[PDB]
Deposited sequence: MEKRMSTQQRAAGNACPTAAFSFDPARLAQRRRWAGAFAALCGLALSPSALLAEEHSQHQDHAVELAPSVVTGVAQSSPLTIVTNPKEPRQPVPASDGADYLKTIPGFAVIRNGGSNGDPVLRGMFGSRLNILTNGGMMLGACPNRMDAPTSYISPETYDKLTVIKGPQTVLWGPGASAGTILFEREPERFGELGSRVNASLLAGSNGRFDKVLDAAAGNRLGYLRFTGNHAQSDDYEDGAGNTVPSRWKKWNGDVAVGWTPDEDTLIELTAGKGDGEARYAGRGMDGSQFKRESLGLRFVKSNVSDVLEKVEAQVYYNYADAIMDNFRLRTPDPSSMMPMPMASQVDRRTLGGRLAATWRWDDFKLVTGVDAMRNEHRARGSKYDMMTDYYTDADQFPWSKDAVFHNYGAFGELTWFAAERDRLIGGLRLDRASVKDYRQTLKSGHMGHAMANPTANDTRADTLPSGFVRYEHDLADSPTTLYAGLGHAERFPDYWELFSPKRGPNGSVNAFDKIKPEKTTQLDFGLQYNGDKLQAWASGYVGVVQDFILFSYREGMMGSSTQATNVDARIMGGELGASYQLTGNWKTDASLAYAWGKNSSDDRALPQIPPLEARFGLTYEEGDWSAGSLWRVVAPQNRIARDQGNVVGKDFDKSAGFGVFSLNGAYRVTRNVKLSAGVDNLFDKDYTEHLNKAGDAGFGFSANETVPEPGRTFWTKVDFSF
């Protein structure tokens, strides 16, 4: 019951991880959902700068992970992804983080070929009048301050709750003492009044605001705003009937409003392109909903339901007077909408509790996806001159069925669990894969017209051991991807992208173990590996993270613990130069490295606990393979992968009344 700083999370269920995001973590994470995922084998991150990095599971990027917030989808607005759905997540304000790896549920949304990611606040629960409160201040290296506060009130009949937070940091320094252009600033706020007449009933109303900024070393333009709004409603009922157990119906509305410029967080680099002040305001509106009933009756259980979603994108950008010098910011011009996405689907997950020692799970879902191209001109003539968009007001759709079957079995003698499982998944294309690139497949009108859905057929096997003193888990995967969406780069003349559809093989795994040595000594270990190949070009896939290992040693006695952790990462030699995705590209083979860190935590009293840690003790100078290239407007020669941070100190008090 001693405290602890989190250095890793073992696999709880098969293919499932469940962590508490309110616990302190060793490589101390930004106010950002991608960072609270680094602590789970299988997860790399594209560094942009301070925060707001693009998550990556088993080498797969972007929408292939289905990243949810209270069951609802929080989508970004920028066409280059400086606001991935993680950028609007501050995980501290959430109670639970589940991750389902591989395409092994149909319950939570469409076309999660790579994996599923859940951020949940669990409903408040009282009994008599009451009031909880938790708070955490956090301070460390480089002007880093994080406040966070969660607070309830209510009784048997209802409740009210306010989570919020505020975080920020200044430009950090790398291992060679450079100042990396990468501050940030963030705040969130969320009310949640909930009504609970019988103990078999619940409604919940959720309003939220949020905003933030982020300097980006990797790009020629900074986030000076990622405003958010969010309203939503959740309805659930317990035991309608001897068979019908739950009825879950809910709605969400998530609006993302994101200004992005080159003058409010930096001076415009006159040297090359964009020597002009330029803003670009963009927004993204999301409405969607979900309805599911559950039926436990026999050695059997079944979740069937439908859901649907619609989202809308609009953009508008400054113009500069090249000759009189009268900048006119982008808000004085009309919101110019450009894309609309629709989805409707119906799903089912049937579970068979054969024996104690055998389970069977099989899920199916059918989806109907649609998108309309609302852009009338396209900025892509000569010097980007206005051209007639040959897909103006067009609209395509598709009905895309996914499914899976998983077989878990518990060995007779020892606490071991084996599991194999097959799954097939189809994903309609992204905003950024349809609209962002400047060229579609090789002989086409644009990308919207020709890019094809992505079909992934993946095999997921693995095992679990829950010993008295030894815990160990293994998850592996081998699978193939049809019409994998892929980006290609080439040198007003910046760099131009071509999205194509290629055929690709993939395979990898993760594995981990922890051993309880003495009652005070604990050692833990975790390994993570990914492999991917472009089958239709006899070449490796781009942007795959190289082999990675982490070794943990901790000591604890009743009231406190301390620990140290070892991260060693192999070099990536399989690259795909000038091929990547909408945020980034493979260019150069990466260098292995290792980085050591130290943590400790100390429980003062029932209500207050204390931890602190040191990050990258020996101040290693290193950069990670996935990280972007640096602007060269901050001093970045050629394709300089944006460096990691150096040695770093942080401390954090966790209050809990």
- In sequence order, name the stretches of the deposited sequence that have no C-alpha in these coordinates. 1-65, 557
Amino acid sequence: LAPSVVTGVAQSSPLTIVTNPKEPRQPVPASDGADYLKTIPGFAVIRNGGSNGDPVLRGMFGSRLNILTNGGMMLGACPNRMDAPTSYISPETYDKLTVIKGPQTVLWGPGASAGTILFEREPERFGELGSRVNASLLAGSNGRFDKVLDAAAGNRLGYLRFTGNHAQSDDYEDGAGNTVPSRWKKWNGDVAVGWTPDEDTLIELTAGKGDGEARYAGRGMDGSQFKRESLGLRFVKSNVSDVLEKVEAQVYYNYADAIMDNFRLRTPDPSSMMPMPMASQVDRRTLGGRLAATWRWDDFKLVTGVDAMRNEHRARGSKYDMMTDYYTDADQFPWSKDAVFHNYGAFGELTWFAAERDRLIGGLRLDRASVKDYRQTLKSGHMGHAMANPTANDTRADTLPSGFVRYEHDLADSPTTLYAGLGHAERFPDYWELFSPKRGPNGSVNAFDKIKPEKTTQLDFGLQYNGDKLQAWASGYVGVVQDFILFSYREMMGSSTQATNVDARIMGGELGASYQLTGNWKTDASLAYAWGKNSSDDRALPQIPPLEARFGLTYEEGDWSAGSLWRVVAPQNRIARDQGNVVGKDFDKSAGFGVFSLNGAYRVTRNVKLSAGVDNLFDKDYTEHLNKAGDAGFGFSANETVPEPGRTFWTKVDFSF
From here on, numbers count along this sequence of modelled residues.
- Coordinates absent for residue 577 in a third or more of other entries: no
- Message: Over the set of other compared entries for this protein, does residue 384 lack coordinates in at least a third of them?
- Response: yes
- When the C-alpha temperature factors are averaged for each of 412-420 and 102-110, which stretch ends up with the higher value in the entry? 412-420
- Note on the structure: Going by the entry, of stretches 462-470 and 268-276 the one with greater average Cα B-factor is 268-276
- Task: Have a look at 457, 436, 318, 402 and flag the one whose Cα has the highest B-factor in the entry.
- Result: 318
- Entry record, C-alpha B-factors for 426, 199, 367, 548; the maximum is at 199
- Considering only modelled residues of the same chain, in which third does the CA B-factor of residue 510 rank: lowest, middle or highest? lowest
- The third of the chain into which the C-alpha temperature factor of residue 300 falls is the middle
- Query: Should residue 648 be placed in the lowest, middle or highest third of its chain by the C-alpha B factor in the entry?
  - Reply: lowest
- Ranked C-alpha temperature factor of residue 54 among modelled chain residues, by third: middle
- Message: Considering every modelled residue of the chain and its Cα B-factor in the PDB entry, is residue 233 in the lowest, middle or highest third?
- Response: middle
